[PDB]
Ligand SMILES: Oc1cccc(F)c1O
Ligand SMILES: Oc1cccc(F)c1O
Ligand SMILES: Oc1cccc(F)c1O
Ligand SMILES: Oc1cccc(F)c1O
Ligand SMILES: [Ca+2]
Ligand SMILES: [Ca+2]
Ligand SMILES: [Ca+2]
Ligand SMILES: [Ca+2]
Ligand SMILES: [Fe+3]
Ligand SMILES: [Fe+3]
Ligand SMILES: [Fe+3]
Ligand SMILES: [Fe+3]
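Here's what the structure looks like:
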């Protein structure tokens with residue numbers, strides 16, 4: 001029972017044509033529908049559900065909500081009960097609130113982000129099929145992202161005022177949603193303050209992550225690539241499409257995953273993440289990164305925490 | 001609750017010095033202990049428990065038993081109860097039956113293989129540590145296998161006599177151990193016979209697998225590599241060590257994982273498996289491979305099922 | 001002055017539609033013209049001359065001739081003079097003998113193969129251009145071969161009758177065409193017999209190569225890929241196109257280049273060759289491979305000389 | 001006849017212990033001798049001559065001279081004659097001027113750099129040998145650089161005063177040393193000014209290169225790696241050794257080679273260069289990069305010419 005994986009992310013964009021162009025041509029996603037309000041829904045080739053990205057017209061960037069898929073419909077009642085015993089109030093949006101989407105349990109994380117849980121979303125299949133499938137499909141576009149992998153949320157954090165919603169979110173998704181902590185960044189005196197946490201339901205290093213900030217927001221959504229080579233191809237694609245790069249190809253110290261940071265035309269940050277890294281396990285020790293090695297935890301090859309990683313988000 | 005991953009495999013070898021030489025120099029494992037009976041225990045660099053491979057002196061090759069680790073000690077009683085309601089009789093070997101190993105629930109699969117479940121094994125840590133760790137350790141040897149990944153068991157199968165322990169094992173580990181089926185090979189009239197199944201507890205394509213055969217036995221144990229490049233390095237290592245190759249570097253149609261098959265000095269087959277392949281999920285459709293494409297399911301690049309894959313095992 | 005590189009290879013095929021389909025879809029070549037006799041001319045994306053492959057209608061497989069490009073027109077007279085002082089008779093086919101091709105110096109190697117040298121061939125450019133070019137072009141097809149890299153010729157060899165045209169060809173292209181020997185396979189008593197030689201004009205390990213055989217013929221023509229990863233992609237392409245594989249992805253001991261052997265629909269062997277391997281240099285020692293390690297020289301990962309490598313050619 | 005490749009580079013360092021530590025541990029070179037004046041000589045594993053790097057004690061960074069190897073001793077007289085007809089005065093340092101080094105023709109490039117040509121240097125062999133060699137050697141250290149690949153020299157350039165030693169060096173090495181131009185960066189009105197040129201004697205994209213600057217100096221020396229994957233490993237090595245990175249892993253638009261820029265402990269810039277890129281050929285069109293795309297020519301993935309690439313050198 002419980003949460004399976006990240007289901008979709010709903011983003012604000014200011015130019016729909018340019019944004020759809022970006023997620024199709026750069027990341028290789030496909031548009032699957034547009035609702036009557038102008039929202040556009042896209043999926044990756046190696047996902048089987050209708051969509052993992054919602055683009056909504058807006059006058060600003062940022063995130064509307066984040067959705068995770070659960071195994072069965074009955075999980076929603078059980079998780080709703082645990083969430084409310086913890087002190088978080090929930091609502092249940094019914095079927096068709098979002099097109100091709102079943103009912104959704106809705107609530108706010110302690111950091112203030114809206115999170116939804118759904119059990120049912122329209123099946124459409126991967127672009128390779130499930131009867132004698134090819135390992136990859138022809139006509140793949142751009143970086144050819146496999147699937148939406150995880151989301152890093154900036155969480156309001158003010159330790160000298162007793163506010164650390166990174167810690168509160170971490171406690172919340174572990175106790176209520178039964179995520180387990182895989183890696184953490186410890187700052188403050190003797191590493192007494194959790195400033196960044198990575199948590200999983202799958203056996204990958206992270207399906208959700210939180211990083212401290214002056215306010216709450218969206219750091220990035222991430223898409224999976226197979227290998228370091230695909231990261232090279234993806235970087236070649238971003239050059240051909242005049243994409244604005246945040247961080248050039250390098251490796252994360254945390255998770256060991258090779259990565260590129262870049263921006264969509266509205267300013268939301270995207271990541272192409274390469275490799276499993278390691279098999280996340282509930283009996284595995286939590287990987288701890290300390291403040292003196294804070295740079296290598298994010299950008300391992302340089303040990304230099306970019307000013308853009310910690311200052312720029314939507 | 002429940003099974004986490006494959007825990008260890010206990011193999012028969014006829015030359016201990018040569019076998020230990022093989023798993024250390026070719027796969028990069030490290031010997032962690034030798035018990036009073038001459039059994040040798042080895043682990044991979046990216047595992048944190050004491051051992052994943054047991055080598056036992058013998059006059060033949062083959063497998064003694066297969067062990068999977070569960071999340072907590074109380075899972076053993078719960079799983080024991082389910083297993084026995086299904087019709088399989090169990091025993092509980094207590095702590096220290098194997099050195100550095102907690103109590104073990106022991107039973108036979110329908111195919112006749114001995115399977116054990118344990119919750120407790122001595123922690124020793126990975127060779128990179130868990131405080132500001134490097135992505136890989138210096139002094140890595142041979143192919144530098146990350147961890148024991150899965151095991152493919154040959155299962156007695158005689159359809160015209162009503163015997164298919166591949167199907168019986170598949171039903172057993174799903175109903176009792178709550179594995180889920182990720183991929184299957186269908187043969188016989190219209191694909192009405194399961195001849196090969198791949199099943200998971202992690203979100204990787206397989207942690208156990210069964211393939212039909214005239215008798216039951218061990219097809220191979222497999223070790224994880226990161227990338228296709230590491231497969232090249234591993235093949236270079238096998239050449240330097242005069243390893244007997246079964247199948248040269250290629251890709252599996254099933255799981256999409258890139259692979260090499262080769263033999264230890266006693267004849268047991270090993271595999272170096274590269275890549276995640278895809279994120280296995282309980283809501284993902286089961287990938288079905290048919291008999292006409294049976295060759296591409298195992299050796300995707302040639303479409304040629306090696307006579308050694310289906311005739312040679314221990 | 002002198003020879004620059006391999007220029008084109010003219011092959012016999014029995015099904016033109018199927019053969020053109022193969023070189024376009026599998027190797028990623030493009031048809032550039034068809035002459036009035038039905039011959040088809042193809043080039044690779046990273047070549048700038050009109051064509052590197054000629055397909056000619058026939059009732060059998062094999063090679064018509066092999067062509068190398070020289071730096072300037074005046075080289076043809078100088079090389080003609082050296083060739084004839086050596087004892088080989090030459091002719092000069094004038095402009096337009098082949099479409100879009102300048103005059104050609106024609107002669108037979110000691111092994112009997114027809115070889116041509118040309119200075120002039122119509123320029124058409126690479127598919128990426130030469131003003132701010134991309135590293136690779138969009139719409140790349142199949143394996144996306146960069147260029148025709150080299151050709152291995154089977155050369156009549158009967159040592160107990162005093163016939164070794166591998167040695168005679170090797171002496172010929174070194175003394176007359178100023179190739180230099182990079183690697184050799186030595187067989188017979190104490191390695192006293194040259195059975196395979198690799199020779200270069202570029203600073204790559206080989207632009208031409210000779211291997212002994214009961215008769216003279218074509219072993220394969222080869223196309224360059226960048227990386228080991230591209231070899232994986234190429235093998236994936238061959239599976240999608242139901243290509244007949246000779247040797248699955250592995251590494252050559254000679255040259256260190258990673259490779260795949262496979263067949264066109266008429267039976268001619270092709271190779272996708274990955275990597276520089278090393279910088280070939282006139283002051284570099286000749287790499288010598290001995291008969292006991294003859295298997296590793298060709299298929300390094302297995303040490304097993306395929307019966308098809310030494311029995312099957314056209 | 002003529003120049004074969006870059007032979008060695010002699011660098012100034014301020015801390016010999018730290019510098020030798022860097023070239024051994026980070027790049028994987030080996031110290032082969034130290035002369036009576038404290039100069040240290042190192043080679044790469046895939047070079048066969050005694051050394052390719054000289055470290056000389058100094059109170060500053062920078063380059064002493066640059067040396068290229070020629071095919072035969074008689075080339076030195078012929079090249080000396082051409083060089084002096086051009087207007088450059090030469091001297092001939094005799095055998096043993098440098099240890100294990102034959103006589104050297106010495107002269108200044110128009111940009112003022114000292115250049116030497118030698119025909120003879122002590123042979124010691126590669127670390128894999130030349131009889132049935134492995135593709136790579138065991139005990140490889142750090143990034144495992146194959147060989148010193150090329151050198152980029154900053155050349156005094158003041159167009160509004162009629163000074164462009166990039167153009168003068170380019171004309172010099174082409175007319176006198178018979179290099180050929182492979183790629184150029186064109187700036188100024190309509191691209192009328194050569195600001196960067198890449199020139200070859202091998203069939204690789206460059207063995208020497210010049211870039212304009214306010215003064216003349218050393219931009220970097222470069223070492224060859226096989227693949228994009230080795231660039232990842234090299235970046236992992238630099239992190240483990242706390243190396244100061246200039247540019248994180250990315251691809252060059254020019255040459256198509258994947259690259260990392262970083263510094264030795266004295267401030268000299270090094271590069272780990274991956275891949276052939278393309279086969280450089282005397283009949284290949286010169287790749288032209290324009291000023292509007294000047295950023296992509298150096299750092300292709302971002303299109304952002306680092307301020308450090310054009311401001312920092314020794
Ligand atoms: O995906 C990530 C893995 C490790 C560290 C990060 F900041 C990431 O975004
Ligand atoms: O690990 C494997 C994945 C797919 C097919 C197989 F036969 C395997 O051993
Ligand atoms: O391209 C080749 C390199 C080494 C050995 C061979 F047989 C080849 O075809
Ligand atoms: O090695 C190089 C290739 C292309 C451009 C550069 F700046 C280089 O250093
Ligand atoms: Ca994940
Ligand atoms: Ca697994
Ligand atoms: Ca070549
Ligand atoms: Ca070069
Ligand atoms: Fe991320
Ligand atoms: Fe396997
Ligand atoms: Fe070849
Ligand atoms: Fe460079």
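Protein chains in written order, with PDB author numbering: chain L, 1 to 314; chain V, 1 to 314; chain B, 1 to 314; chain Y, 1 to 314. Backbone N, C-alpha and C fix where the C-beta goes; we use that ideal spot for every residue, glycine too.
*Please report how far the alpha carbon of residue 309 of chain V lies from the alpha carbon of residue 264 of chain V, in whole angstroms.*
Looking up residue 309 of chain V in the second chain gives position 309. Looking up residue 264 of chain V in the second chain gives position 264. In a straight line, the C-alpha of residue 309 of chain V is about 15 Å away from that of residue 264 of chain V.
_Proximal chain Y residues relative to residue 135 of chain V, where beta-carbon distance stays under 8 Å_ = By one-based count along the second chain, residue 135 of chain V stands at place 135. Per Cβ cutoff of 8 Å: 236.
*Does the beta carbon of residue 35 of chain L fall short of 7 Å from some heavy atom of ligand 7?*
Working through the first chain from its first residue, we reach residue 35 of chain L at position 35. No; taking the cut-off as 7 Å, the Cβ of residue 35 of chain L has no heavy atom of ligand 7 nearer than that.
*DSSP three-state call for residue 124 of chain Y: helix, strand or coil?*
The residue you call residue 124 of chain Y lines up with position 124 of the fourth chain. Residue 124 of chain Y falls in the coil class under three-state DSSP.
*asked:* Taking a contact to mean a Cβ-Cβ separation below 8 Å, would you say residue 315 of chain Y touches residue 239 of chain Y in this structure?
replied: No information on residue 315 of chain Y is available, as it lies outside the stretch 1 to 314 that chain Y covers here.
*So what does DSSP say about residue 22 of chain L, is it helix, strand or coil?*
Numbered from its first residue, the first chain carries residue 22 of chain L at position 22. Of the three classes helix, strand and coil, the one that applies to residue 22 of chain L here is helix, per DSSP.
*asked:* At a CB distance below 9 Å, what residues from the segment 287–309 of chain V approach chain B? Give them in sequence order.
replied: 296, 299, 300, 301, 302, 303, 304
*For residue 93 of chain Y, which option in Y/111, Y/87, Y/67 has the closest C-alpha, if you only look at C-alpha atoms?*
On the fourth chain, residue 93 of chain Y is found 93 positions in, with the first residue counted as 1. Minimum Cα distance to residue 93 of chain Y is reached at Y/67.
*Cβ-heavy atom distance between residue 149 of chain Y and ligand 8 below 7 Å?*
The residue given as residue 149 of chain Y occupies position 149 in the fourth chain. At least one heavy atom of ligand 8 is nearer than 7 Å to the Cβ of residue 149 of chain Y, so yes.
*Would the C-beta of residue 220 of chain Y count as close to ligand 12, meaning under 7 Å from any of its heavy atoms?*
On the fourth chain, position 220 is the one that residue 220 of chain Y refers to. Residue 220 of chain Y Cβ: within cutoff of ligand 12.
*Sub-8 Å separation of residue 250 of chain Y and residue 198 of chain Y beta-carbons*: Sequence index remark: in the fourth chain, residue 250 of chain Y carries index 250 (1-based). Sequence index remark: in the fourth chain, residue 198 of chain Y carries index 198 (1-based). No, Cβ-Cβ distance for residue 250 of chain Y and residue 198 of chain Y is not below 8 Å.
*State the beta-bridge partners of residue 213 of chain V as determined by DSSP.*
Indexing the second chain from 1 puts residue 213 of chain V at position 213. Residue 213 of chain V is bridged to V/156.
*Residues of chain V with CB under 8 Å from residue 240 of chain Y, in chain order?*
Taking the first residue of the fourth chain as 1, we reach residue 240 of chain Y at position 240. Here the neighbours are 134, 138.
*Taking Cβ positions only, does residue 227 of chain Y come closer than 8 Å to chain V?*
Position 227 of the fourth chain holds residue 227 of chain Y. True, the Cβ-Cβ gap to chain V drops below 8 Å.
_Contained beta strand (DSSP E) runs [length at least 3] in the segment 136–192 of chain V, N- to C-terminal order_ = 148–158, 180–187
_Validate contact between the segment 36–44 of chain Y and the segment 289–304 of chain Y using beta carbons, cut 8 Å, 3 pairs_ = no
*From what residue to what residue does the beta strand (DSSP E) around residue 298 of chain B run?*
Counting from one through the third chain, the residue named residue 298 of chain B turns up at place 298. Counting along the chain, residue 298 of chain B falls outside any beta strand (DSSP E), though it belongs to the alpha helix (DSSP H) covering 294–298.
*Output the distance between the C-alpha atoms of residue 316 of chain B and residue 185 of chain B, rounded to the nearest integer angstrom.*
Look at the range of chain B in this structure, 1 to 314, and you will see that residue 316 of chain B is not part of it.
*Using a Cβ-Cβ cut-off of 8 Å, state whether residue 245 of chain B counts as contacting chain V.*
Along the third chain, one-based indexing puts residue 245 of chain B at 245. Yes, its Cβ sits closer than 8 Å to a Cβ of chain V.
*asked:* Within 10 Å of its beta-carbon, does residue 232 of chain L have 16 or more other beta-carbons around it, so buried, or fewer, so exposed?
replied: Here residue 232 of chain L refers to the residue found at position 232 of the first chain. Residue 232 of chain L is buried by the Cβ-count criterion.
*Can we count residue 160 of chain V as close to ligand 9, meaning its CB is less than 7 Å from some heavy atom?*
Taking the first residue of the second chain as 1, we reach residue 160 of chain V at position 160. It does not: the Cβ of residue 160 of chain V is nowhere closer than 7 Å to a heavy atom of ligand 9.
_For residue 80 of chain V and residue 72 of chain V, what's the separation of their Cα atoms in angstroms?_
As a working mapping, residue 80 of chain V is identified with position 80 in the second chain. As a working mapping, residue 72 of chain V is identified with position 72 in the second chain. Their backbone Cα atoms lie some 13 Å apart in a straight line.
_Going residue by residue through the segment 44–111 of chain V, where are the continuous alpha helix (DSSP H) segments of at least 4 residues, counting only ones entirely within it?_
73–86
*residue 170 of chain B versus chain V: which residues are under 7 Å apart at the beta carbon?*
Looking up residue 170 of chain B in the third chain gives position 170. Those within 7 Å of residue 170 of chain B in chain V number zero; the least Cβ separation is about 27 Å.
*Does the beta carbon of residue 269 of chain L sit closer than 8 Å to a beta carbon anywhere in chain Y?*
As a working note, residue 269 of chain L is residue 269 in the first chain. No, no contact with chain Y.
*Given that residue 285 of chain Y touches chain B, what residues does it touch there, using C-beta distances under 7 Å?*
Looking up residue 285 of chain Y in the fourth chain gives position 285. Near residue 285 of chain Y (Cβ distances below 7 Å), the residues of chain B are 48, 130.
*Shorter than 8 Å from the beta carbon of residue 5 of chain L to some beta carbon of chain V?*
In the first chain, residue 5 of chain L corresponds to position 5, counting from 1. Yes, contact with chain V.
*Under the three-state reduction of DSSP, which class applies to residue 36 of chain B: helix, strand or coil?*
Here residue 36 of chain B refers to the residue found at position 36 of the third chain. In this structure, residue 36 of chain B counts as coil in the three-state DSSP scheme.
*Provide the residue span of the beta strand (DSSP E) that contains residue 305 of chain B, from first to last.*
Locating residue 305 of chain B in the third chain gives position 305, counting from the first residue. Premise fails: residue 305 of chain B is in no beta strand (DSSP E) and is neither H nor E.
*Under a CB-based cut-off of 8 Å, is residue 314 of chain L close to chain Y?*
In the first chain, residue 314 of chain L corresponds to position 314, counting from 1. Residue 314 of chain L does not count as touching chain Y.
*Who are the Cβ neighbours of residue 4 of chain L in its own chain at under 7 Å, not counting the five residues just before and after it?*
Position 4 of the first chain holds residue 4 of chain L. Here the set comprises 69, 70, 71, 201.
*To the nearest whole angstrom, what separates the beta carbons of residue 130 of chain V and residue 287 of chain L, a pair I think is in contact under 8 Å?*
Mapped onto the second chain, residue 130 of chain V falls at position 130. Mapped onto the first chain, residue 287 of chain L falls at position 287. Beta-carbon to beta-carbon, residue 130 of chain V and residue 287 of chain L are separated by about 5 Å, close enough to satisfy the 8 Å threshold.
_residue 183 of chain Y Cβ short of 7 Å to ligand 12 heavy atom set_ = Along the fourth chain, one-based indexing puts residue 183 of chain Y at 183. No - ligand 12 has no heavy atom lying nearer than 7 Å to the Cβ of residue 183 of chain Y.
_For residue 127 of chain L, which residues in the same chain have their Cβ closer than 7 Å to its Cβ, ignoring the five residues on either side in sequence?_
The residue given as residue 127 of chain L occupies position 127 in the first chain. Counting only Cβ-Cβ distances below 7 Å, and skipping sequence neighbours, we find 45, 137.
*Taking only beta carbons into account, state which residues of the segment 252–276 of chain Y come closer than 8 Å to chain B, listed in chain order.*
253, 256, 275, 276
*Classify residue 50 of chain Y as buried or exposed, calling it buried when 16 or more other Cβ atoms lie within 10 Å of its own Cβ.*
Numbered from 1 along the fourth chain, position 50 holds the residue referred to as residue 50 of chain Y. Answer is buried; the Cβ neighbour count reaches 16.
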